[PDB]
>>> print(open('run-v1.cif').read())   # mmCIF, C-alpha atoms and all ligand atoms
data_protein
loop_
_atom_site.label_atom_id
_atom_site.label_comp_id
_atom_site.auth_asym_id
_atom_site.auth_seq_id
_atom_site.Cartn_x
_atom_site.Cartn_y
_atom_site.Cartn_z
CA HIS I 1 22.89 36.47 -9.29
CA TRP I 2 19.20 36.46 -10.45
CA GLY I 3 16.32 37.33 -8.15
CA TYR I 4 13.09 39.25 -8.00
CA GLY I 5 14.17 42.92 -7.74
CA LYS I 6 14.02 45.57 -10.61
CA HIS I 7 17.65 45.01 -11.27
CA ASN I 8 17.78 41.23 -11.38
CA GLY I 9 14.13 40.13 -11.71
CA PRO I 10 12.27 38.10 -14.35
CA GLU I 11 12.69 40.63 -17.13
CA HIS I 12 16.44 40.29 -16.86
CA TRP I 13 16.73 36.52 -16.67
CA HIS I 14 16.91 35.97 -20.42
CA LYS I 15 20.43 37.51 -20.56
CA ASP I 16 21.94 34.63 -18.61
CA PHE I 17 19.26 32.06 -19.44
CA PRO I 18 18.16 32.59 -23.04
CA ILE I 19 15.60 29.69 -22.72
CA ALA I 20 13.58 32.32 -20.81
CA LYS I 21 12.20 33.32 -24.24
CA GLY I 22 11.64 29.63 -25.22
CA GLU I 23 8.68 27.75 -26.54
CA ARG I 24 7.49 26.01 -23.36
CA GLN I 25 8.02 28.51 -20.52
CA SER I 26 6.06 28.61 -17.27
CA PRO I 27 3.96 29.85 -15.58
CA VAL I 28 1.04 30.63 -17.91
CA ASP I 29 -2.42 32.08 -17.62
CA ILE I 30 -5.06 29.28 -17.60
CA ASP I 31 -7.96 30.46 -19.73
CA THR I 32 -10.85 28.32 -18.41
CA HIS I 33 -12.93 28.90 -21.52
CA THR I 34 -10.19 27.65 -23.86
CA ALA I 35 -8.78 24.69 -21.80
CA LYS I 36 -10.40 21.60 -23.12
CA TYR I 37 -11.74 18.70 -21.13
CA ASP I 38 -9.78 15.54 -22.03
CA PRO I 39 -11.87 12.49 -21.07
CA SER I 40 -8.81 10.35 -21.63
CA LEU I 41 -7.00 12.01 -18.60
CA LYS I 42 -6.76 9.71 -15.58
CA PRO I 43 -7.27 10.63 -11.97
CA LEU I 44 -4.15 11.72 -10.32
CA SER I 45 -2.62 9.26 -7.81
CA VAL I 46 -0.98 11.17 -4.97
CA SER I 47 0.66 8.62 -2.71
CA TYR I 48 2.20 10.47 0.23
CA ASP I 49 1.57 8.04 3.12
CA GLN I 50 5.25 7.06 3.36
CA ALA I 51 6.67 10.58 2.83
CA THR I 52 9.88 11.29 4.84
CA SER I 53 10.51 15.01 5.22
CA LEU I 54 14.03 15.85 6.36
CA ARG I 55 14.87 19.56 6.41
CA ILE I 56 13.62 23.05 5.57
CA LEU I 57 16.01 25.50 3.86
CA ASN I 58 15.86 29.23 3.02
CA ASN I 59 17.73 29.28 -0.35
CA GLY I 60 17.44 33.05 -0.86
CA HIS I 61 14.49 32.76 -3.26
CA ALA I 62 11.97 30.73 -1.30
CA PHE I 63 12.04 28.04 1.39
CA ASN I 64 12.18 24.39 0.41
CA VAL I 65 10.83 21.51 2.53
CA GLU I 66 13.06 18.61 1.41
CA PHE I 67 12.20 14.89 1.39
CA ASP I 68 14.16 11.66 1.33
CA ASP I 69 13.86 10.66 -2.40
CA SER I 70 16.48 7.79 -2.31
CA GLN I 71 13.52 5.28 -2.66
CA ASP I 72 9.83 5.32 -3.95
CA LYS I 73 8.24 6.69 -0.78
CA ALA I 74 6.08 9.77 -1.62
CA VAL I 75 5.16 9.50 -5.34
CA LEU I 76 2.91 11.03 -7.94
CA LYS I 77 1.49 8.81 -10.70
CA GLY I 78 -1.44 8.76 -13.07
CA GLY I 79 -3.14 11.79 -14.55
CA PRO I 80 -1.14 12.82 -17.66
CA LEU I 81 2.00 11.03 -16.39
CA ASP I 82 3.72 7.80 -17.48
CA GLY I 83 5.66 6.01 -14.74
CA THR I 84 6.46 7.14 -11.22
CA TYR I 85 7.58 10.55 -10.02
CA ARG I 86 9.23 10.91 -6.58
CA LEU I 87 8.60 13.88 -4.36
CA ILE I 88 11.87 15.73 -3.72
CA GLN I 89 10.76 19.09 -2.24
CA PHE I 90 7.99 21.60 -1.97
CA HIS I 91 8.09 25.40 -1.79
CA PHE I 92 5.79 28.37 -2.31
CA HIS I 93 5.70 31.65 -4.21
CA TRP I 94 3.83 34.56 -2.65
CA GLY I 95 3.11 38.22 -2.77
CA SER I 96 3.57 41.42 -0.76
CA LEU I 97 -0.26 41.75 -0.73
CA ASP I 98 -3.10 39.20 -0.95
CA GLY I 99 -4.01 40.18 -4.54
CA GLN I 100 -0.78 38.81 -6.05
CA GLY I 101 1.72 36.01 -5.37
CA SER I 102 0.68 33.04 -7.55
CA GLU I 103 2.69 32.20 -10.67
CA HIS I 104 -0.10 30.58 -12.66
CA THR I 105 -3.23 32.67 -13.03
CA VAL I 106 -6.79 31.54 -13.81
CA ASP I 107 -8.64 33.83 -16.25
CA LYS I 108 -6.01 36.43 -15.30
CA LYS I 109 -6.95 36.10 -11.52
CA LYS I 110 -3.89 36.03 -9.24
CA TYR I 111 -4.00 34.12 -5.97
CA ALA I 112 -2.13 35.12 -2.77
CA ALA I 113 0.37 32.29 -3.16
CA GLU I 114 1.06 29.00 -4.99
CA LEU I 115 2.50 25.79 -3.59
CA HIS I 116 4.74 23.67 -5.85
CA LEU I 117 5.23 19.98 -4.96
CA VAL I 118 8.21 18.95 -7.12
CA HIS I 119 8.64 15.35 -8.32
CA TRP I 120 11.14 13.67 -10.66
CA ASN I 121 10.72 10.77 -13.05
CA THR I 122 12.43 7.69 -11.62
CA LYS I 123 13.25 6.39 -15.19
CA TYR I 124 16.13 8.92 -15.21
CA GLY I 125 17.77 7.68 -11.99
CA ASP I 126 18.56 11.00 -10.28
CA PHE I 127 17.09 14.50 -10.21
CA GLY I 128 19.98 16.14 -12.07
CA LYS I 129 19.50 13.74 -15.00
CA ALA I 130 15.69 14.22 -14.91
CA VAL I 131 15.83 18.03 -15.31
CA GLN I 132 17.62 17.46 -18.68
CA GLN I 133 14.60 15.59 -20.11
CA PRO I 134 11.30 16.97 -21.52
CA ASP I 135 9.37 14.55 -19.23
CA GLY I 136 11.78 14.72 -16.30
CA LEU I 137 9.65 16.52 -13.65
CA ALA I 138 6.06 16.76 -12.59
CA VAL I 139 5.14 19.76 -10.48
CA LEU I 140 1.84 19.77 -8.65
CA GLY I 141 0.68 23.37 -8.26
CA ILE I 142 -1.94 24.37 -5.66
CA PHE I 143 -3.25 27.90 -5.28
CA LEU I 144 -3.57 29.59 -1.86
CA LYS I 145 -6.29 32.05 -1.01
CA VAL I 146 -6.61 33.99 2.20
CA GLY I 147 -9.52 33.00 4.46
CA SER I 148 -9.55 30.29 7.19
CA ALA I 149 -6.27 28.83 8.51
CA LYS I 150 -4.85 25.66 6.98
CA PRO I 151 -4.08 23.46 10.01
CA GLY I 152 -1.59 21.36 8.06
CA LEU I 153 0.44 24.45 7.18
CA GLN I 154 1.03 25.63 10.75
CA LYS I 155 4.07 23.41 11.39
CA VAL I 156 5.76 25.03 8.39
CA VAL I 157 4.77 28.59 9.51
CA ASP I 158 6.09 27.98 13.01
CA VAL I 159 9.61 26.99 11.92
CA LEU I 160 10.12 29.99 9.60
CA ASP I 161 11.53 32.12 12.41
CA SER I 162 14.47 29.69 12.57
CA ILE I 163 15.34 30.05 8.82
CA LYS I 164 14.85 33.75 8.40
CA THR I 165 17.79 34.46 6.16
CA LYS I 166 19.44 32.90 3.07
CA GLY I 167 21.44 29.71 3.73
CA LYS I 168 19.73 28.86 7.05
CA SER I 169 18.24 25.39 7.42
CA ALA I 170 16.47 23.47 10.19
CA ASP I 171 15.59 19.89 10.86
CA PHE I 172 12.01 19.24 9.65
CA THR I 173 11.11 15.60 10.11
CA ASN I 174 7.73 13.93 10.20
CA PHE I 175 5.90 16.54 8.19
CA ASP I 176 2.89 15.14 6.27
CA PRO I 177 2.33 16.98 2.99
CA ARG I 178 -1.17 15.41 2.65
CA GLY I 179 -2.23 18.23 4.99
CA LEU I 180 -1.56 20.78 2.22
CA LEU I 181 -3.97 19.26 -0.35
CA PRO I 182 -7.52 20.53 -1.17
CA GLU I 183 -10.50 18.16 -1.20
CA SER I 184 -10.70 17.76 -4.94
CA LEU I 185 -7.85 16.62 -7.24
CA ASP I 186 -9.44 18.03 -10.45
CA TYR I 187 -6.64 19.67 -12.44
CA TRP I 188 -5.35 21.37 -15.54
CA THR I 189 -2.21 20.12 -17.22
CA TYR I 190 0.27 21.42 -19.86
CA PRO I 191 3.97 21.02 -20.74
CA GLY I 192 6.23 23.73 -19.35
CA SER I 193 9.32 24.70 -17.49
CA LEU I 194 10.97 25.50 -14.18
CA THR I 195 9.73 28.97 -13.17
CA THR I 196 13.18 30.00 -11.78
CA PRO I 197 16.56 29.96 -13.52
CA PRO I 198 17.75 27.79 -15.17
CA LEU I 199 14.20 27.71 -16.57
CA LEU I 200 14.67 24.22 -17.99
CA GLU I 201 11.84 22.91 -20.19
CA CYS I 202 11.43 19.67 -18.30
CA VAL I 203 8.11 19.94 -16.42
CA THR I 204 4.71 18.38 -16.82
CA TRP I 205 2.59 20.92 -14.92
CA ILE I 206 -0.44 19.68 -13.00
CA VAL I 207 -2.38 22.66 -11.47
CA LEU I 208 -5.24 21.85 -9.09
CA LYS I 209 -8.49 23.70 -9.74
CA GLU I 210 -9.47 23.98 -6.03
CA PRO I 211 -7.34 26.42 -3.96
CA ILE I 212 -6.53 25.78 -0.30
CA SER I 213 -7.38 28.45 2.24
CA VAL I 214 -4.73 29.83 4.57
CA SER I 215 -5.13 32.62 7.17
CA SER I 216 -3.82 36.16 6.85
CA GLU I 217 -1.56 35.40 9.85
CA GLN I 218 -0.09 32.36 8.11
CA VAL I 219 0.75 34.23 4.90
CA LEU I 220 2.06 37.22 6.99
CA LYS I 221 4.70 34.82 8.37
CA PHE I 222 5.89 33.95 4.89
CA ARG I 223 6.34 37.65 4.27
CA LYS I 224 8.69 38.05 7.31
CA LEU I 225 11.33 35.88 5.69
CA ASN I 226 14.39 37.54 4.12
CA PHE I 227 16.02 37.15 0.66
CA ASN I 228 19.32 38.32 2.19
CA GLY I 229 21.82 36.43 4.32
CA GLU I 230 22.35 37.11 8.06
CA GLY I 231 23.82 40.54 8.89
CA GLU I 232 23.16 41.88 5.34
CA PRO I 233 20.71 44.62 4.60
CA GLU I 234 17.16 43.38 5.14
CA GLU I 235 15.14 42.64 2.05
CA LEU I 236 11.82 41.00 2.79
CA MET I 237 11.12 37.80 0.81
CA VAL I 238 7.97 38.87 -0.98
CA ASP I 239 6.86 38.82 -4.62
CA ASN I 240 9.02 35.84 -5.49
CA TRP I 241 6.84 34.95 -8.45
CA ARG I 242 7.46 34.96 -12.21
CA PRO I 243 4.62 36.48 -14.26
CA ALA I 244 2.69 34.50 -16.89
CA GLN I 245 4.63 33.64 -20.06
CA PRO I 246 3.33 33.20 -23.63
CA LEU I 247 1.38 29.98 -24.13
CA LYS I 248 2.68 29.69 -27.75
CA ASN I 249 2.02 26.33 -29.37
CA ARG I 250 0.49 24.65 -26.32
CA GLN I 251 -2.80 23.29 -25.15
CA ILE I 252 -3.98 23.28 -21.56
CA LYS I 253 -6.11 20.19 -20.84
CA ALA I 254 -8.73 19.87 -18.06
CA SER I 255 -9.35 16.66 -16.18
CA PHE I 256 -12.91 17.72 -15.41
CA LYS I 257 -16.08 18.71 -17.36
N1 LIG G 301 8.45 24.40 -9.17
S1 LIG G 301 9.28 25.35 -9.94
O1 LIG G 301 9.19 26.80 -9.31
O2 LIG G 301 9.04 25.42 -11.36
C1 LIG G 301 10.85 24.77 -9.72
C2 LIG G 301 11.13 23.49 -9.20
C3 LIG G 301 12.44 23.07 -9.07
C4 LIG G 301 13.52 23.84 -9.44
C5 LIG G 301 14.92 23.35 -9.23
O3 LIG G 301 15.11 22.19 -8.78
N2 LIG G 301 15.96 24.11 -9.56
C6 LIG G 301 17.33 23.66 -9.28
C7 LIG G 301 17.90 23.03 -10.56
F1 LIG G 301 17.19 22.07 -11.08
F2 LIG G 301 19.14 22.61 -10.30
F3 LIG G 301 17.95 23.88 -11.61
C8 LIG G 301 13.33 25.08 -9.95
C9 LIG G 301 11.98 25.52 -10.16
ZN ZN G 302 7.98 27.00 -7.74
#
>>> encode(input="run-v1.cif", output="structure tokens")
Amino acid sequence: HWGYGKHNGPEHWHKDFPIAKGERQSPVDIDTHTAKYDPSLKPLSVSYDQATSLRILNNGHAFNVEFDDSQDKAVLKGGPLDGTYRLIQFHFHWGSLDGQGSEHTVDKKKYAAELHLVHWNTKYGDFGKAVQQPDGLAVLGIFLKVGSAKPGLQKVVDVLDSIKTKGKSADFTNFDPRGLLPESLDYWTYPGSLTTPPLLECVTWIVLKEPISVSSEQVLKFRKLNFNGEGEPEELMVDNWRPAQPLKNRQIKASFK
């Protein structure tokens, strides 16, 4: 179906998913001079102490670390959000080279990669109902730059060999996603969409200002993954990012002065 190549990449997606040309698409460029500080924005509450990771899956577009979301364990609250959003999975988008890979950009600057921690609003009961609602998801986005290693990422990098190709999964219990956060939780926020088909307009985006640093060796391991299934021709999983989309009639708000 859809993917990231010239024949099936982002510029094609609108033919099967016409919302691609919609009014609240993601990602976007964050213009730091135009985003306005909103003193009414609350601190984010990231409550991940009770997180229960279960499995890691190569789905042919990225790899997802999945959590048990059958109760209010790992949740995101506060900031621009009303109510409680449960962590369901995280994944990354990254580049073939260090100068590209993020989906959001900051003053047109691309980072090497971007982590998305995906949460759904518990008022809608299940994830499939939530993605049908304009306030159904909250995705916490964190930029990755290349520098020092991120110790809390190494457990993820070391299992990637076992899920090299599409449809492979592995047990992945006891992973603590607090080890992927930066020091500061200052953020930008705007209403947007899923960045992969079906491109549903159901996301409150919360993008942290402070990137995390990962090492060149860590990001090199992401780039050894494959988009293809086992035995099929090898296509390295790189450049699985959607470019910035028109901001249209939206305002990006900053939590910080
Ligand atoms: N974080 S993100 O890249 O915008 C992103 C997060 C989640 C999903 C997702 O659950 N797609 C499967 C669904 F909902 F069945 F359509 C897609 C994109
Ligand atoms: Zn994503």
>>> residues_around(input="run-v1.cif", residues="residue I:106", least_positions_apart="2", cutoff="8 Å", atoms="all atoms listed in the file", output="PDB file with C-alpha atoms, in the frame of the given file")
ATOM      1  CA  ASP I  29      -2.420  32.080 -17.620  1.00  0.00           C
ATOM      2  CA  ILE I  30      -5.060  29.280 -17.600  1.00  0.00           C
ATOM      3  CA  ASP I  31      -7.960  30.460 -19.730  1.00  0.00           C
ATOM      4  CA  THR I  32     -10.850  28.320 -18.410  1.00  0.00           C
ATOM      5  CA  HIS I 104      -0.100  30.580 -12.660  1.00  0.00           C
ATOM      6  CA  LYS I 108      -6.010  36.430 -15.300  1.00  0.00           C
ATOM      7  CA  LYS I 109      -6.950  36.100 -11.520  1.00  0.00           C
ATOM      8  CA  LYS I 110      -3.890  36.030  -9.240  1.00  0.00           C
TER       9      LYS I 110
END
>>> residues_near_ligand(input="run-v1.cif", ligand="ligand LIG 301 (chain G)", cutoff="8 Å", atoms="only C-alpha atoms and all ligand atoms", output="PyMOL selection string")
chain I and resi 26-27+90-93+116-118+127-128+131+139+141+193-200+203
>>> atom_distance(input="run-v1.cif", atom1="atom CA of residue I:98", atom2="atom CA of residue I:221")
12.9 Å
>>> closest_residue(input="run-v1.cif", among="I:179, I:136, I:191, I:101", to="residue I:49", atoms="all atoms listed in the file")
I:179
>>> closest_residue(input="run-v1.cif", among="I:102, I:22, I:65, I:96", to="residue I:155", atoms="all atoms listed in the file")
I:65
>>> atom_distance(input="run-v1.cif", atom1="atom CA of residue I:44", atom2="atom ZN of ligand ZN 302 (chain G)")
19.7 Å
>>> closest_residue(input="run-v1.cif", among="I:11, I:107, I:68, I:114", to="ligand ZN 302 (chain G)", atoms="only C-alpha atoms and all ligand atoms")
I:114
>>> atom_distance(input="run-v1.cif", atom1="atom CA of residue I:41", atom2="atom CA of residue I:152")
28.8 Å
>>> closest_residue(input="run-v1.cif", among="I:21, I:73, I:223, I:61", to="ligand ZN 302 (chain G)", atoms="only C-alpha atoms and all ligand atoms")
I:61
>>> closest_residue(input="run-v1.cif", among="I:103, I:38, I:16, I:239", to="ligand ZN 302 (chain G)", atoms="all atoms listed in the file")
I:103
>>> residues_near_point(input="run-v1.cif", point="(9.0, 37.7, -1.3)", cutoff="9 Å", atoms="all atoms listed in the file", output="list in words")
residues 4, 61, 62, 93, 94, 95, 96, 101, 222, 223, 224, 225, 226, 227, 235, 236, 237, 238, 239, 240 and 241 of chain I
>>> closest_residue(input="run-v1.cif", among="I:50, I:45, I:113, I:69", to="residue I:82", atoms="all atoms listed in the file")
I:45
>>> axis_aligned_box(input="run-v1.cif", around="stretch 221-234 of chain I", padding_each_side="8 Å", output="AutoDock Vina command-line options")
--center_x 14.3 --center_y 39.3 --center_z 4.8 --size_x 35.1 --size_y 26.7 --size_z 24.2
>>> residues_around(input="run-v1.cif", residues="stretch 161-175 of chain I", least_positions_apart="3", cutoff="7 Å", atoms="only C-alpha atoms", output="mmCIF file with C-alpha atoms, in the frame of the given file")
data_model
loop_
_atom_site.group_PDB
_atom_site.id
_atom_site.type_symbol
_atom_site.label_atom_id
_atom_site.label_comp_id
_atom_site.auth_asym_id
_atom_site.auth_seq_id
_atom_site.Cartn_x
_atom_site.Cartn_y
_atom_site.Cartn_z
ATOM 1 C CA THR I 52 9.880 11.290 4.840
ATOM 2 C CA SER I 53 10.510 15.010 5.220
ATOM 3 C CA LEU I 54 14.030 15.850 6.360
ATOM 4 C CA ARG I 55 14.870 19.560 6.410
ATOM 5 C CA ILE I 56 13.620 23.050 5.570
ATOM 6 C CA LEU I 57 16.010 25.500 3.860
ATOM 7 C CA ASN I 58 15.860 29.230 3.020
ATOM 8 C CA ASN I 59 17.730 29.280 -0.350
ATOM 9 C CA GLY I 60 17.440 33.050 -0.860
ATOM 10 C CA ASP I 158 6.090 27.980 13.010
ATOM 11 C CA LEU I 225 11.330 35.880 5.690
ATOM 12 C CA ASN I 226 14.390 37.540 4.120
ATOM 13 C CA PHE I 227 16.020 37.150 0.660
ATOM 14 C CA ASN I 228 19.320 38.320 2.190
ATOM 15 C CA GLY I 229 21.820 36.430 4.320
ATOM 16 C CA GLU I 230 22.350 37.110 8.060
#
>>> residues_near_point(input="run-v1.cif", point="(-5.3, 19.0, -14.0)", cutoff="8 Å", atoms="only C-alpha atoms", output="ChimeraX atom specification")
/I:79,185-189,206-209,253-256
>>> build_atoms(input="run-v1.cif", residues="stretch 230-243 of chain I", atoms="N, CA and C atoms", output="PDB file, keeping the file's coordinate frame")
ATOM      1  N   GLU I 230      22.185  36.502   6.733  1.00  0.00           N
ATOM      2  CA  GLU I 230      22.350  37.110   8.060  1.00  0.00           C
ATOM      3  C   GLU I 230      23.371  38.250   8.052  1.00  0.00           C
ATOM      4  N   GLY I 231      23.011  39.316   8.763  1.00  0.00           N
ATOM      5  CA  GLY I 231      23.820  40.540   8.890  1.00  0.00           C
ATOM      6  C   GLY I 231      23.741  41.494   7.690  1.00  0.00           C
ATOM      7  N   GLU I 232      23.192  41.039   6.546  1.00  0.00           N
ATOM      8  CA  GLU I 232      23.160  41.880   5.340  1.00  0.00           C
ATOM      9  C   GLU I 232      21.923  42.760   5.405  1.00  0.00           C
ATOM     10  N   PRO I 233      21.861  43.766   4.542  1.00  0.00           N
ATOM     11  CA  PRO I 233      20.710  44.620   4.600  1.00  0.00           C
ATOM     12  C   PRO I 233      19.384  43.865   4.387  1.00  0.00           C
ATOM     13  N   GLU I 234      18.366  44.194   5.182  1.00  0.00           N
ATOM     14  CA  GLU I 234      17.160  43.380   5.140  1.00  0.00           C
ATOM     15  C   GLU I 234      16.346  43.656   3.905  1.00  0.00           C
ATOM     16  N   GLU I 235      15.999  42.585   3.216  1.00  0.00           N
ATOM     17  CA  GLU I 235      15.140  42.640   2.050  1.00  0.00           C
ATOM     18  C   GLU I 235      14.084  41.559   2.251  1.00  0.00           C
ATOM     19  N   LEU I 236      12.858  41.972   2.473  1.00  0.00           N
ATOM     20  CA  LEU I 236      11.820  41.000   2.790  1.00  0.00           C
ATOM     21  C   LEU I 236      11.563  40.085   1.594  1.00  0.00           C
ATOM     22  N   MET I 237      11.384  38.776   1.885  1.00  0.00           N
ATOM     23  CA  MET I 237      11.120  37.800   0.810  1.00  0.00           C
ATOM     24  C   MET I 237       9.633  37.882   0.534  1.00  0.00           C
ATOM     25  N   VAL I 238       9.331  38.715  -0.466  1.00  0.00           N
ATOM     26  CA  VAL I 238       7.970  38.870  -0.980  1.00  0.00           C
ATOM     27  C   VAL I 238       8.053  39.036  -2.481  1.00  0.00           C
ATOM     28  N   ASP I 239       6.950  38.681  -3.155  1.00  0.00           N
ATOM     29  CA  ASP I 239       6.860  38.820  -4.620  1.00  0.00           C
ATOM     30  C   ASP I 239       7.930  38.026  -5.341  1.00  0.00           C
ATOM     31  N   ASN I 240       8.086  36.786  -4.848  1.00  0.00           N
ATOM     32  CA  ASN I 240       9.020  35.840  -5.490  1.00  0.00           C
ATOM     33  C   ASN I 240       8.324  34.978  -6.519  1.00  0.00           C
ATOM     34  N   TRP I 241       7.563  35.610  -7.402  1.00  0.00           N
ATOM     35  CA  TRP I 241       6.840  34.950  -8.450  1.00  0.00           C
ATOM     36  C   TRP I 241       7.229  35.473  -9.798  1.00  0.00           C
ATOM     37  N   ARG I 242       7.239  34.583 -10.797  1.00  0.00           N
ATOM     38  CA  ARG I 242       7.460  34.960 -12.210  1.00  0.00           C
ATOM     39  C   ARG I 242       6.069  35.233 -12.817  1.00  0.00           C
ATOM     40  N   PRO I 243       5.939  36.276 -13.619  1.00  0.00           N
ATOM     41  CA  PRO I 243       4.620  36.480 -14.260  1.00  0.00           C
ATOM     42  C   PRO I 243       4.377  35.408 -15.356  1.00  0.00           C
TER      43      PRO I 243
END
